[PDB]
Structures are given as structure tokens and as C-alpha cells.
Amino acid sequence: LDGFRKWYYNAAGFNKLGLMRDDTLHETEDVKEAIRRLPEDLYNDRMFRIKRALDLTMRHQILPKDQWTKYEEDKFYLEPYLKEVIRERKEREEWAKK
Amino acid sequence: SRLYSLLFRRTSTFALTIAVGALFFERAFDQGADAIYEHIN
Amino acid sequence: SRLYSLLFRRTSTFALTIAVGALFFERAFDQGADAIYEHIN
Amino acid sequence: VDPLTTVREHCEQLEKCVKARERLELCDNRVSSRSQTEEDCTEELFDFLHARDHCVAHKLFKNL
Amino acid sequence: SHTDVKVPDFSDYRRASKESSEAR
Amino acid sequence: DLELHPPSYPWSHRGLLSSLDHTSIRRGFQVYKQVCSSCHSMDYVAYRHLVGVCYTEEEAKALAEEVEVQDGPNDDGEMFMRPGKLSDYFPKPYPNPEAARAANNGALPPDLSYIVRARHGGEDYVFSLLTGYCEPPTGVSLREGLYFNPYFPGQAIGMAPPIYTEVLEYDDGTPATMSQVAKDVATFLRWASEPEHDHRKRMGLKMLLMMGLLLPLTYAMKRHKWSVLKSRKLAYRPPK
Amino acid sequence: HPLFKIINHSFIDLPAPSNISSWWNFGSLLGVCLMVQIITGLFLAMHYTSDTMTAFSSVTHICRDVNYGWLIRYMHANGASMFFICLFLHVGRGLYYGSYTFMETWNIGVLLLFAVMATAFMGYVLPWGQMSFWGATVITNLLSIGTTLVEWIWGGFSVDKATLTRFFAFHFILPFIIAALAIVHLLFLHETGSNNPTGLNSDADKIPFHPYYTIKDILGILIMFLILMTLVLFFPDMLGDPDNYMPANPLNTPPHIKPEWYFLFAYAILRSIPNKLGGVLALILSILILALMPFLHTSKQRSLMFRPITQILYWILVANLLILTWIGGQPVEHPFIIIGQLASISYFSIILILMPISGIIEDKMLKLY
Amino acid sequence: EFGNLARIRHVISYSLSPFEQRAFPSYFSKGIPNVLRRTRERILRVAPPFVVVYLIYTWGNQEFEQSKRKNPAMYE
Amino acid sequence: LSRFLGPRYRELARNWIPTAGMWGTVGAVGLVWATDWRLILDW
Ligand SMILES: CCCCCCCCCCCCCCCCCC(=O)OC[C@H](COP(=O)(O)OCCN)OC(=O)CCCCCCCCCCCCCCCCC
Ligand code: HEC
Ligand code: HEM
Ligand code: HEM
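Residues numbered from 1 in each chain as written, not as in the entry; some residues may be left out. Chains lettered and ligands numbered in written order. Part of a larger assembly, values for the part shown. Heavy atoms only, no water.

Method of structure determination, per the deposited record: cryo-EM was used for this entry, reaching 4.1 Å resolution.

Right, here's the structure in full:
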């Protein structure tokens, strides 16, 4: 299964652009909030990763495969921050519902 | 004073009174106006 | 290099060279093009 | 005195042409044999015409 | 400091000296 | 539909920059004038159209003055006929389409001005139809005033076959074989449906030459102004 | 200067993503095509007469007696075709790269699409050929409060001069409303900025527009003009119908009735549904399903650059859109009908059902769902 | 608006003047490889729908013809 | 959709309902009168 997941990871191709899964997530308020909560190091690094991708795209080129992020290499750095934001939102929403 | 509190204070009712009145006003206006025109000519 | 310093560096002259060239280009283009069309048909 | 007919003449020689023509013959007799059939041979002929005409044209204007 | 890092060479992109600039 | 798609012919104007053969347009105009003008109309083609094309002002002039044209009731309410002018259009065969219906056994001969443009694969169709009056096969029977032309829709065209070999004599003397006549009238009708065919193709040739000059130069300007970025090298230098 | 400053802010110096491909040219091409159509339309309006006795005669007079009038007429017709080519590719770019999340821009877009289709329909009615009249009657009755509405539009019992003249007025006036709606379209977009093919936040890498995406738009304009002039000067009738070169005969019906090719996909759908009303509705939905599109986005990634299953579904959607375009052309007989029925079922099921389920599956594969 | 767009820090972006660099550096040198690289990452997602459109189109045409072709058994 | 339609929200639903009906009513009267819908006007 995960083998195919890695194949799908390759399929996604953000590795070709060295894009962490979190990098790929389309920006959303919750995402933005989580991003805000991100420490500077992650933020700064995330920025360069994103910028790099765009440039590669501009030239219609991909990183050297070796530079490519491995399925294993990819990290869900923002995942936790997002989890918190979501839960909080859920809480407030429920409060409103009731 | 009753009218204000009943049909002219709530905007929704304000619209209701306007629309309904207009619906009938045409009948009255046309009728009255025609009477006048006919009398004139 | 001389041309740049003479007719392509000063924008005013740049325009002059463009306009003058275009004035003659039409003559040449039309003539050359017509030759080709005629030869074809 | 028609180059076109001459073209058709050469076309006639074409084997594909005779094949289609043969089919037409079958149906003509076929239609005749079937006293009351609305089975026409436009179906067949059209086919013949296409080939014949298509080849005819191939060598028709050049001859013209 | 920043001095440590150096400018990458664009010669690959770089084409063929004020002598040439005028032409370029 | 149920008809032989006319086989394409190697026309002299079939090519991408290939103009019309104007001697063939002149011969086809002669074919129309002597044969096709008895039933078919050319409402959007005035005699002036001929001028400059296979015919000159004076050439058309004599051609226009060979016919007579009612020039209205003048000032005496006197409908009167006059010799055609270079400004006169081609004469009507019939004053109204119901006279065409009465004279052609209920069928209406259509305007041949845009026939080539109006008929799918017209040039071919025309040639095919005029040269496609083959005998009806067994199983099909046509009523009077009908003819089995495979190409014609239904294969039943009211028009009787109008081009018999040597139907008319070409003034140029080119043998008037049925075909030579059908090809000439197809070229002419084509010209009729597009008098600008030649002028356009010239424009198209000038357009191809100008685009072949201008596309790599505009591409070079774009690649100049986009090279800057396309060479930009980004480097991430966290202070670390 | 305030205005120039305004322009500078909007055109000369507007932050734009550095990595947008040639597809982002197409909308600017549409604007150019609009201007081209308007300009050519104005030069058709100085000689066209909207009278049923003289409309075909005026069109032939334009083609034969006005100096380069054939050029302006065939530029107008093939520019309408080029407008619909650029419109379809613009909508396909918006569908593929997730640009429909700009919801106000998308809704102003689908309003513009409806207006452009109505303008092209009435413009095709305008030359008053055989094909224009028969097509006209069909669509008006499509409206059949139905009967009244149809008669209203027709302006009489059946399309006749009454229609032609009001269709000339409406076909004249709607491209200026299209231009105003395009100004609103541009506004609702600059508030958010353009999207990029990666679908990510491109705020870290934005460049000016004057020297980078202007010369690119100029090159795209030049290529579009090359295709338009090779459509006009070399094959002026490959996209039109020959039967439009006959005058409008109410007594004679054509053996096969079509709209022009860009209406075909819709035509197929209409023909597919057995019920007349059903067809009309589905037809409308065909266009409207797009508006509905921003509420069907169930993925955490905006673009399809990193989404291969939805890429496959998108290209299957483009495939059966081409199939529906072909079917419309084909006549009513087996098996064209069944394909039409399936192709319509597959079109609505891919847009409505298959893409959000695929986006959920793709989110599950990245350990996001 | 340029400026106040987003927070970017600790990055160095180098570039060259247009006139200083070749206009088409290795244009066909790497362009071909890249274009080919590109086509092989997208051909399996793009092409097979249009392949089966071609098969359905041909099929429809031929089937339609056969449909039109007279039934020999009929009328006999 | 409880986020905007929770138990508390239902309360608001009923709270606003009357006003909503009034608005439809106004529009209804208008339609009848404006379009001279005669099926309703005749009564
Ligand atoms: C299982 C995949 C095996 C792949 C083996 C190839 C070698 C892979 C390893 C080497 C790398 C080669 C280059 C890789 C390029 C990019 C990766 C790639 O191509 O991946 C395979 C691709 C995506 O795979 P995925 O989306 O996960 O598969 C789900 C299938 N639905 O999937 C595909 O490309 C498959 C696409 C199949 C599409 C079939 C569509 C059939 C139906 C079309 C209907 C059209 C309309 C018909 C008419 C309707 C109306 C009547
Ligand atoms: C000169 C050699 C020509 C050419 C090139 C054509 N014709 Fe005629 N024509 C006549 C009639 C009565 C009809 C209508 C018949 C019907 O509709 O059943 C026609 C029709 C045509 C067409 C149109 C075919 C179509 O598909 O609509 C064409 C392309 C055509 N013709 C070519 C009558 C006559 C004549 C009086 C006997 C003669 C002479 C011609 N036609 C000559 C020509
Ligand atoms: C306000 C600007 C416009 C004016 C004044 C205008 C005017 C005209 C006129 C007078 C005609 C009839 C001449 C002819 O037969 O070509 C016409 C035809 C047409 N117009 Fe327009 N038009 C305008 C904009 C557009 C636009 C934006 C479109 C595209 C949606 C369009 C599509 C068409 C089409 C398809 C035809 C039929 C062409 C044909 O005969 O094949 N027009 N227009
Ligand atoms: C009348 C024809 C149209 C014109 C003139 C037009 C004009 C434009 C222009 C100038 C742009 C900005 C440049 C670009 O990104 O390409 C644009 C972008 C856009 N248009 Fe349109 N448009 C038209 C039709 C449509 C339609 C029908 C839609 C809806 C499907 C639409 C939706 C969009 C979207 C979503 C964008 C944003 C592009 C992005 O950031 O990805 N447009 N349009």
C-alpha cells in the first residue's frame, strides 16, 4: 500500500520541486493561522521551498531527482499547528451551534 | 397611531402596505382619471 | 557599433530610423512580395 | 470526343471497377427476378460510381 | 559574514569590454 | 447524404497560394452566357464585375450593350428597355421565381452566383453534376422532368443535361469538349462566388512573409526581456 | 496623474506570478478579440441593412462592392470563432488550475459566457441566410409562459422582419455590456491577483507586468493574429456552413439543421434528453454547471499540477466534450444517439460526482483526510 | 501592490543583465531534452482519452455505414 | 451545517420566519400586480 503511496508521492511530483506536503496544501484561513503559528525557521524555510517551486515552474524545469524530496524525507511540519487551529475552530463552531 | 404600529413600522409590513396599496391604486387612479378625461372631452 | 552610437542610442533618432526605414520597407516588401506571388501564380 | 469518357474508358479497365460492376449486374437481375421488390441498385451503383468516379477524376483533369 | 558566499557564474548564460558593449 | 461525394479535382487554384486561371474564367463566362443564362440568374454580378477580369472596360462594354435592360418608366411612366451598361447587372431569365416554376416544370433553377459557395464541395459538385447525368440503374425510376444524377441530392435534378459535347464554340478555339466546358464553367462560377480569390491570396502571401519576418524578432525581444529572470539564480542563506 | 497612476497600478506595475504559462495569455486574447469584433462589427454596420428584403443583398454588397469588405466580414466571422476558441481554453484553464475558488471572478465569467453565446447566436441570425432563419426559429421555440416569451422575442407569430431588426439592435448593444462586465471581471480579480499553475501562494515570487507579461501578451496577440489571418485569407469557409450562402426560404427546410460548431456540445445534450423541457434544462445546466463548480471543490490543493487522478478525470472530461461536439454534427440515427446519451451522462457524472470523490481519495493518499 | 506583499527573509537572488547573457543559451541543447522530459511526465495522463475518442469516432462512422448498408437478406 | 444551523439557530429560524413570509408576500402582491397576473388579480 505505502509502496503505491510512495509511487503516488512520486506522482504528485512536488518532490520534483522539493515541496513538502504541507507546502502543497492550498492556503486556507485555518492553514494561514497554522502558518502564522509556525516558528520562524519553518516559516522562512517554507518560504524558500515555495519560492523555489515557482521559479522551477517559471522555467518549466524540475530539481535534480536526487535533490527531490523522498517520500520518507517529506515532513508534515505544519500538520500539528493546523490540527490545533482546526480543533479550536470546531470548538467555537459547536459553541455557536449550541 | 395604530397604523404606524401595525403596517408602517416594520419595514416588511411597510412594503406590504405599499405593494397592496399600489395594486389597488391603479384601479382607482385609472377609473377616476378616465372619468375626468371623458368629462373633459 | 557606430550605428548604435549614431541612430539607435538616442530615442529620437531611434524613432527617426524606424520611421524612415518603414517608409522604404513598404516599397521593398511590396515589390519583393509581389514578385513572389506572381512567380507562384 | 470526350477526354472524360476516355478517362472513364481507362477507368473501365481498372479491376476494382469491374468488381463493383459485377455486383450491379447481380442486383439488376436480382431486381428483375424479384417482380415486386423496392430493392434498388442505387446502393450498389453508388458504390460503383464512387470508385469509378474517384479514379476517373484522379486521371480526369490531368487528361483535361 | 556575507563575504563567505560568492556569486555564482552566469558565464553559461553570459554571451560574448566597452568595445563590445556598443555592438551588444 | 445518399450521394457520391464529388471526387476532388486537381484545380489550378487548389493550392494554398494558387490563383485562378483567368482564361478559364473567360471561357466559363462564355459558357454561362450562351448556355446557363437561359434558366439561371446572377443577381449579384454586374457586368462591371467582368471588367478587369478576363474582360476590359470596353470588352465588357460591348458585352453589356449586346443585351437590353428596362431602365424604368422614365418620367412618362414609360417602362423602357435600354442597352446594358457596365453598371447593369446580369439580366434576369424570368421576372419572378413563379415564372421560373412555370417554365421549368415546377422546379426553381437557383442563383448561380454563389452556387459553388452554397454547394458542399461546390466546384467538384458542379463539375460532377454537369458531368454526372448517368443512366438510372434498375430499381429506380424517375418521373418526367427528372434525371438520375448520382451527385444531385436524391439523384433527381429537374435540370436536363445542358452540356452536350460541342454545345458551344469557345472563341479561343480550345476544343469545346463537354469536360473542357464543365471545367471552365466551374472555374467561372467559382470566380463568381469569390471575385476576390486572387487578390486575397496575394494578401495571404504578404501576410506569411511578414509573419515569418516578425515572429522570430518578437520572440527574440520577449526572450531578451525574459532572459533576466530565466537566468536568475536563487539561493537560500538562513543565517544559521 | 491620477488616472495614469490608476493604470500603472492596474497594468504597468501590477504584481503578477512569475511562473504563469502561456494559458494565462488567453484571457487577454479574449479582450483583444472583443475589440477586434467590435471594430469589425462597426465596419459591418456602416453598410448592413436589417431588412429581410435587403439583408442578404447588403451582405453580398459588402463582400463584392465595398473596398476590402469581404476582408472585414470574414474577419468578423472567424474572429467570432477565435473568440470561442480562446473562451473555451480560458474556461479550461480555470477548471484545471483551480481558479474557480475566485468565486466572484468565476461568476462574472459565467455571466460573460452567457452574454457572448447570446451575442454570437443573434449575430449568426443577422445575415438572413437559409441556415440563419431555420436555426433562429428553432431556438426561439426552445423558449416555448413559454409561448408568450417566444412570441415576444420573435415579435410576431414566427420569426420574420420583426425579429431581424430587434436581433440587429441586441447584437449591436450586447458587446458593450460584455466590455463593462469584463471591466468588473478584471476588478474582482485584482483584489485577489492571478493564480499560478502550481496553485500555491505566489506572494514570494511576483514580478512586474510591463516588461514581463506585456511582451508575452504581445507575442500571444501576434500568434493569435497569425491563426486568425490564416483562417481568413486561406480557408475562409472551413468553419462556416455552405447552406448559409442561400437566401432564407421559409418554404424550404434544410435536410440537417445545425448551429455553429461551438454550440454543438450543447446541441448534443439537448438532443440527448428525450423530453423537450429536459433538454432545455440540461442544456442550460451544461453551461451553468460551471457556476456550480466552486462549491464542488473538496481538495486541500487548489491546482491540478500535483493531482494525477483528477488530471485523468479532467482529460476524460475534455475528451467527451470533444465527443459531444462531434455527435452534434452527426445526424439522428444509430449509434450516434446512444453515444450522445452516454456522453452527456458521463459529462454530468464527471463534473458532479467523480471529481470531488477523486479529490477526497487524493487527500487520503497524502495522509491529509 | 509591490511592497508589503509578504514576508521574505534571508534569501539572496542573483541575476544578469539581458544584454550580458546569450539570448538563447543552449536553446536546442537542453530544450529538446526538456520538452521530451516534459512529454513523458504527461503523456499517460493526456493521450489515452483522445485515443479512445479516435476509436469511438471511427467506430461510429463505420457502424453508421454498416447501418446504412442495405440488408441483403431483406428484400429477398 | 449546525455551525450556522444548530439547535440555537433553529430558534432564530422561527424568530425570523414571520418576517420572511412578509417579504414573500410583498413580492407576491407585486408580481400579481406588476405582471398583471390576472389569474390572481381576477379574484
Ligand atoms: C496503473 C498504472 C501503471 C503505469 C505503468 C507505466 C510505468 C510507470 C513507471 C515509470 C514512469 C513512466 C512515466 C510516468 C509518468 C507519470 C505517472 C503516470 O503516468 O502514472 C500513471 C497514471 C496515474 O495513475 P493513477 O492516477 O494513480 O491511476 C488511477 C487510474 N484511474 O495512470 C495512467 O496514466 C493511466 C490512465 C488510464 C486512463 C484510462 C481511461 C479509459 C476511459 C476513457 C474514456 C474517455 C471517454 C469515452 C467515451 C464516453 C462517452 C461514450
Ligand atoms: C451551364 C453548363 C450550367 C451549369 C454549370 C449548371 N446549369 Fe442548371 N439548372 C436548370 C434547372 C431547371 C435547375 C433546377 C433543377 C432542380 O432543382 O431540380 C438547375 C440547377 C442547377 C444547379 C443546382 C444543383 C443543385 O443541387 O441545386 C447547378 C449547380 C447547375 N444547374 C449548373 C436549368 C438549366 C438550363 C436550362 C435548360 C441550362 C442551360 C443550365 N441549367 C445550365 C447549367
Ligand atoms: C458591438 C459590436 C458588434 C457589431 C456592431 C456587430 C455587427 C455585426 C453585423 C452587422 C453582422 C452582420 C454582417 C455579417 O454577416 O458578418 C454581424 C455578424 C456576426 N457577428 Fe457581430 N457584431 C459585433 C460584435 C460581435 C461579437 C462580439 C461576436 C461574437 C460573439 C459577433 C459574432 C457575429 C457572428 C457569428 C456573425 C455572423 C457572421 C457570418 O455571417 O457568418 N459579433 N455582426
Ligand atoms: C468575455 C470573455 C472573457 C474575458 C475578456 C476575460 C478576461 C480576463 C482577463 C483579462 C483575465 C486576466 C488575465 C488572465 O489571467 O488570463 C482573466 C482571468 C480570469 N478569468 Fe476571465 N475573461 C473572460 C471569460 C471568462 C470566463 C467565461 C470565466 C469563467 C469560467 C473567466 C474566469 C476567469 C478567472 C477565474 C480568471 C483568473 C485566472 C487565474 O488567476 O488563474 N473568464 N479573464
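Draft legend 1. Local environment of the coordination of the iron atom of ligand 2. All names here are of chain F. Around the iron atom of ligand 2, the protein contributes the donor atoms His-40 (NE2) and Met-159 (SD), which lie 2.2 Å from the metal centre. What the 6 donor atoms of the iron atom of ligand 2 show is an angle range of 66 to 177° at the metal, which sorts the shape as irregular. Of this pair, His-40 sits in the loop between helix 1 (22-34) and helix 2 (47-50) while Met-159 sits in the loop between helix 6 (122-130) and helix 7 (178-193); the two residues are 119 residues apart in sequence, bridging distant segments of the chain. For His-40, a relative accessible area of 11% gives the class buried. Taking the relative accessible area as the measure of exposure, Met-159 reaches 24% and is therefore partly exposed. (Donors = N, O, S within 2.8 Å, 3.2 Å for Na, K, Ca; no water. Tetrahedral: all angles 85-135°; square planar, octahedral: opposite > 155°, others 65-115°. Helix = DSSP H or I, 4+ residues; strand = E, 2+ residues; numbered from the N terminus. Buried < 20%, exposed > 50% of the residue type's maximum accessible area, 1.4 Å probe, protein only.)

Draft legend 2. Representation of the site of ligand 1 in the model. Near ligand 1 there are 14 residues, and of these A:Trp7, G:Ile309, G:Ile312, H:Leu44 and H:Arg45 occur at the shortest range. Of the chains in the model, those with residues near ligand 1 are chains A, G and H. H:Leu44 is positioned with one of its backbone polar atoms (N or O) 3.1 Å from an oxygen atom of ligand 1. Computed on the free molecule, ligand 1 has an accessible area of 1,200 Å², of which 53% lies beneath the protein chains in the complex. (Near = heavy atom within 4 Å. Polar contact = N/O pair within 3.5 Å; in protein donor to acceptor, adjacent residues only side chain to side chain. Areas by Shrake-Rupley, 256 points an atom, 1.4 Å probe, with all protein chains shown as cover.)

Draft legend 3. Seen up close, the UniProt feature "transmembrane region" in chain H. UniProt records the feature "transmembrane region" for residues 41-59 of chain H in the present numbering. Secondary structure across residues 41-59 of chain H divides into 100% helix and 0% strand, with the first and last C-alpha atoms of the span separated by 30 Å. (UniProt positions renumbered as here; feature names shortened; annotations may be inferred.)

Draft legend 4. Quick peek at the environment of F:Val167. All names here are of chain F. Secondary-structure assignment places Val-167 in the loop between helix 6 and helix 7. According to the relative accessible area criterion, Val-167 is buried, its value standing at 17%. In this structure, the C-alpha to C-alpha distance between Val-167 and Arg-237, residues 70 residues apart in sequence, is 92 Å. If we skip the residues at most four places from it in the chain, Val-167 touches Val-35, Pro-162 and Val-181. (Contact = heavy atoms within 4.5 Å.)

Draft legend 5. Here's a closer look at the packing of aromatic side chains. Taken as a whole, this structure holds 60 aromatic pairs over all chains when the rule is applied. Their ring planes at 20° and their centres at 4.9 Å tell us that A:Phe48 and F:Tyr236 sit as a pair that is stacked. Taken together, the residues span two chains, with A:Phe48 in helix 4 (residues 40-58) and F:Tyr236 in strand 3 (residues 233-236). For the pair G:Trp315 and H:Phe50, a centre-to-centre distance of 6.2 Å together with 65° between the ring planes defines the contact as edge-to-face. One end of the pair, G:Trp315, is in helix 12 (residues 308-329); the other, H:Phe50, is in helix 1 (residues 27-68), on a second chain. Using a relative accessible area of 28% as the deciding quantity, one classes H:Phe50 as partly exposed. By the ring-pair criterion, three or more aromatic residues cluster together here, those being F:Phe29, F:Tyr32, F:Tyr47, F:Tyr55, F:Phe90, F:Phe188 and F:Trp191. Cation over ring: A:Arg21 sits above A:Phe76, and NZ or CZ is 3.2 Å from the ring centre. (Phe/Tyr/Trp six-rings, centres within 6.5 Å; stacked < 30°, edge-to-face > 60°. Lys NZ or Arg CZ within 6 Å of the ring centre and 35° of its normal.)

Draft legend 6. Expanded view of the UniProt feature "transmembrane region" in chain I. UniProt marks residues 16-37 of chain I with the feature "transmembrane region", using the numbering shown here. The straight-line gap between the two end C-alpha atoms of residues 16-37 of chain I is 29 Å; of that span, 86% is helix and 0% is strand.

Draft legend 7. Region of the structure containing the interface of chain E and chain F. The partner chain F presents 5 residues to the 6 residues of chain E that form the contact. When the buried area of chain E at its contact with chain F is split by residue, E:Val5, E:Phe10 and E:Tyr13 rank highest and sum to 73% of it. Run the count over chain E and chain F and you get 1 residue pair in polar contact. (Buried area = accessible area lost by both parts, 1.4 Å probe.)

Draft legend 8. Quick look at the pattern of salt bridges. Taken as a whole and judged by the stated rule, the model has 46 salt bridges over all chains. Between F:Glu59 and F:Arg26 there is a salt bridge, with its nearest N and O atoms 3.0 Å apart. Of the two residues, F:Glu59 sits in helix 3 (residues 57-65) while F:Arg26 sits in helix 1, which places them 33 residues apart along the sequence. Of the residues examined, F:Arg26 reaches a relative accessible area of 28% and is grouped as partly exposed. Residue H:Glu41 pairs with H:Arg37 through a salt bridge whose shortest N-O separation is 3.3 Å. In this pair, H:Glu41 and H:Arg37 both sit in helix 1, 4 residues apart, roughly one turn of the helix. The class of H:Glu41 is partly exposed, set by a relative accessible area of 22%. (Salt bridge = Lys/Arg side-chain N within 4 Å of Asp/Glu carboxyl O.)

Draft legend 9. Local environment of the coordination of the iron atom of ligand 4. Binding of the iron atom of ligand 4 to the protein goes through G:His90 (NE2) and G:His185 (NE2), at separations of 2.0 to 2.3 Å. Using a relative accessible area of 18% as the deciding quantity, one classes G:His185 as buried.

Draft legend 10. A look at the interface of chain F and chain G. The interface is formed by 39 residues belonging to chain F together with 36 residues belonging to chain G. Summed over both partners, the interface of chain F with chain G buries about 3,200 Å², with 68% contributed by carbon and sulfur atoms. For the pair chain F and chain G, the number of links is 3 salt bridges. A salt bridge links G:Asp237 to F:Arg117; its shortest N-O distance comes to 2.6 Å. Linking chain F with chain G are 10 residue pairs in polar contact, by the criterion used here. With 19 residues, helix 8 (residues 197-231) of chain F is the single largest residue contributor to the side of chain F that touches chain G.

Draft legend 11. Representation of helix 4 (residues 69-96) of chain G within the structure. The end-to-end C-alpha distance of helix 4 of chain G is 40 Å, a good match for the 40 Å that 28 residues give at a rise of 1.5 Å each. Along helix 4 of chain G, 20 of the 28 residues are buried, which leaves the element largely enclosed by surrounding structure. (Expected span 1.5 Å × (residues − 1).)

Draft legend 12. Here's a closer look at the environment of E:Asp9. Counting through the fold element by element, E:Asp9 comes out in the segment before helix 1 (18-23). Residue contacts for E:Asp9: discarding those within four places in its chain leaves E:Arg14 and F:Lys233. One polar contact links E:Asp9 to E:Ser11, side chain to side chain, over a distance of 2.6 Å.

Draft legend 13. How the structure looks around the side chain of F:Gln180. Residue and element names in this part refer to chain F. Turning to its location among the elements, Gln-180 is positioned in helix 7. At 2.8 Å, the side chain of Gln-180 and the side chain of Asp-184 are in polar contact. Contacts of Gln-180, omitting those with residues within four sequence positions, involve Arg-27, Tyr-170, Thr-174 and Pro-175.

Draft legend 14. Just the state of the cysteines, in detail. Residues and elements named next belong to chain D. This structure, assessed with the given rule, holds 2 disulfides over all chains. Residue pairing for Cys-11: its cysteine sulfur links by disulfide to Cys-55, the two sulfurs lying 2.1 Å apart. Measuring the twist about the S-S bond at about -75°, one finds the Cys-11-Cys-55 disulfide to be left-handed. One end of the pair, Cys-11, is in helix 1 (residues 3-13); the other, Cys-55, is in helix 3 (residues 42-58), with 44 residues separating them in the sequence. Between the sulfur atoms of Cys-27 and its disulfide mate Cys-41 the distance is 2.0 Å. Taking the torsion about the sulfur-sulfur bond, which here is approximately 140°, the covalent link between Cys-27 and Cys-41 counts as right-handed. Of this pair, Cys-27 sits in helix 2 (residues 15-33) while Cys-41 is found in the loop between helix 2 and helix 3, placing the two residues 14 residues apart along the sequence. No disulfide involves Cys-17; its sulfur sits 3.4 Å from that of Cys-11, the nearest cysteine. Note on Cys-17: relative accessible area 4%, which makes it buried. (Disulfide = S-S within 2.5 Å.)

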